[PDB]
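Structure record follows, encoded as structure tokens.
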Amino acid sequence: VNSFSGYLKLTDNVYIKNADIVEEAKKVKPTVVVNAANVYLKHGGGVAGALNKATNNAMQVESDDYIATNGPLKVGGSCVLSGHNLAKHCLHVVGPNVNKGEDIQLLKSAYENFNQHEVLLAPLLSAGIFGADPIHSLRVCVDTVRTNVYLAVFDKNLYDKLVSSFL
Ligand SMILES: Cc1cc(S(=O)(=O)Nc2cnc3[nH]ccc3c2)n(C2CCCC2)n1
């Protein structure tokens, strides 16, 4: 038993809710919150901008030190950093950005990072400003992630489309 509340169960291991991942993180304090990161960990907008703003820019400060030491992530890759006031840890995961021409097949590789964590609060990778079809993203999530994932979908209209079309 865990503290996530109000989720619809999609599969054995995937759950979904119409929620602001920032508010959800603030209430649950999950072990892991997933950020929709880019390779530079520049948290300017979308989920990343929202999460970073909620940390009062501490996420960005930590991220800049990470990049200065290690260089950029790979598309499809990830790193574990602090969760600041939102979670124990933040798993920064880079899904392909369609608006940069990145190969959508890398979406499966991106979701594979979730399997290194038993339970996660997460957005749909490559959705929103990353330009992928969120229905496709949900399908890849369900077919790739084997650990327990609680998906927060900000847009109510999208949440209902995701639920009603889910196979
Ligand atoms: C940008 C952005 C997108 C989302 S979202 O979770 O609601 N995803 C989503 C995906 N595609 C969409 N198309 C039209 C609307 C829409 C929304 N956020 C959340 C708002 C609260 C924190 C993060 N920020």
Side-chain angles (χ1 to χ4, degrees), residues 1-67 73 76-95 97 107 110-132 134 137-138 140-142 144-163 166:
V1 176
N2 64 50
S3 158
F4 288 103
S5 176
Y7 285 75
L8 176 67
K9 181 170 179 61
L10 293 177
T11 63
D12 180 63
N13 65 298
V14 179
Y15 295 81
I16 194 166
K17 184 187 184 175
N18 174 214
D20 185 338
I21 192 172
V22 167
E23 278 316 301
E24 190 76 7
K26 281 198 291 192
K27 146 181 135 43
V28 174
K29 284 302 226 83
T31 305
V32 181
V33 66
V34 173
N35 182 32
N38 57 54
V39 296
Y40 306 110
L41 302 179
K42 284 170 61 83
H43 309 301
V47 169
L51 292 169
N52 176 59
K53 179 179 178 187
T55 75
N56 182 44
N57 211 51
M59 178 181 284
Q60 190 64 67
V61 170
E62 179 196 29
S63 292
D64 289 349
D65 171 84
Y66 173 91
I67 296 290
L73 296 183
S78 69
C79 68
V80 179
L81 291 172
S82 180
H84 300 277
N85 53 316
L86 304 179
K88 185 172 199 299
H89 301 108
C90 180
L91 181 70
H92 294 273
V93 180
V94 179
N97 190 324
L107 186 54
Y111 274 117
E112 288 171 342
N113 296 286
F114 289 24
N115 290 321
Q116 300 294 318
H117 304 276
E118 287 190 3
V119 182
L120 315 87
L121 171 63
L124 285 170
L125 298 180
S126 296
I129 67 175
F130 280 62
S137 182
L138 179 54
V140 178
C141 181
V142 158
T144 305
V145 182
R146 298 176 300 283
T147 55
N148 294 142
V149 55
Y150 289 83
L151 294 168
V153 177
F154 180 57
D155 189 63
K156 173 57 161 156
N157 188 294
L158 174 59
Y159 169 85
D160 291 344
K161 183 200 190 103
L162 285 167
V163 168
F166 183 70

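Keep in mind that the numbers below use all heavy atoms, side chains included, and drop hydrogens, waters and symmetry copies. Residue numbers count from 1 along this sequence.
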Exceeds 12 heavy-atom contacts within 6.0 angstrom, atom NZ of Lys88:
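No - once you tally the heavy atoms of other residues, nucleotides and ligands closer than 6.0 Å, there are 12 at most.
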Counting neighbours of NZ on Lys27 that are heavy atoms of other residues, nucleotides or ligands and sit closer than 6.0 Å, is the number greater than 12?
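Buried by this count: over 12 neighbours within 6.0 Å.
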Steps toward side chain to side chain contact (heavy atoms under 4.5 Å, CB included) verdict (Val93, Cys79):
CA-CA 7 Å; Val93 180; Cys79 68; over 6 Å; no
Got a donor-acceptor contact below 3.5 angstrom from the [X] side chain to the [Y] backbone?
X: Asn18; Y: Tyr159; value: no
X: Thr144; Y: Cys141; value: no
X: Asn57; Y: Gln60; value: no

Would you say the side-chain atoms of [X] and [Y] include a donor-acceptor pair closer than 3.5 Å?
X: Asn38; Y: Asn97; result: no
X: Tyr111; Y: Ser137; result: yes
X: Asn148; Y: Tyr15; result: no

Yes or no on side chain to side chain contact (heavy atoms under 4.5 Å, CB included) for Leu124 and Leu151, after CA distance, side-chain angles and deciding distance?
CA-CA 7 Å; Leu124 285 170; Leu151 294 168; 3.9 Å; yes
Can you tell me how far NZ of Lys42 sits from CD1 of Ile67, rounded to the nearest 0.5 angstrom?
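Answer for the CD1-NZ pair, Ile67 versus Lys42, is 10.5 Å.
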What is the minimum heavy-atom distance between [X] and [Y], and which atoms define it?
X: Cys90; Y: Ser82; answer: CB-O, 3.4 Å
X: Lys29; Y: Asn85; answer: CE-O, 3.3 Å
X: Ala122; Y: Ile21; answer: C-CD1, 3.8 Å

Would you please test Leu51 and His43 for side chain to side chain contact (heavy atoms under 4.5 Å, CB included) and show each step?
CA-CA 8 Å; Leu51 292 169; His43 309 301; over 6 Å; no
Check whether any side-chain heavy atom of [X] lies under 4.5 Å from a side-chain heavy atom of [Y], and answer yes or no.
X: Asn13; Y: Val145; result: yes
X: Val149; Y: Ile16; result: no
X: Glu24; Y: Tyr7; result: yes

Residue pair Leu120, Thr147: steps toward the side chain to side chain contact (heavy atoms under 4.5 Å, CB included) verdict
CA-CA 8 Å; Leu120 315 87; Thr147 55; 3.7 Å; yes
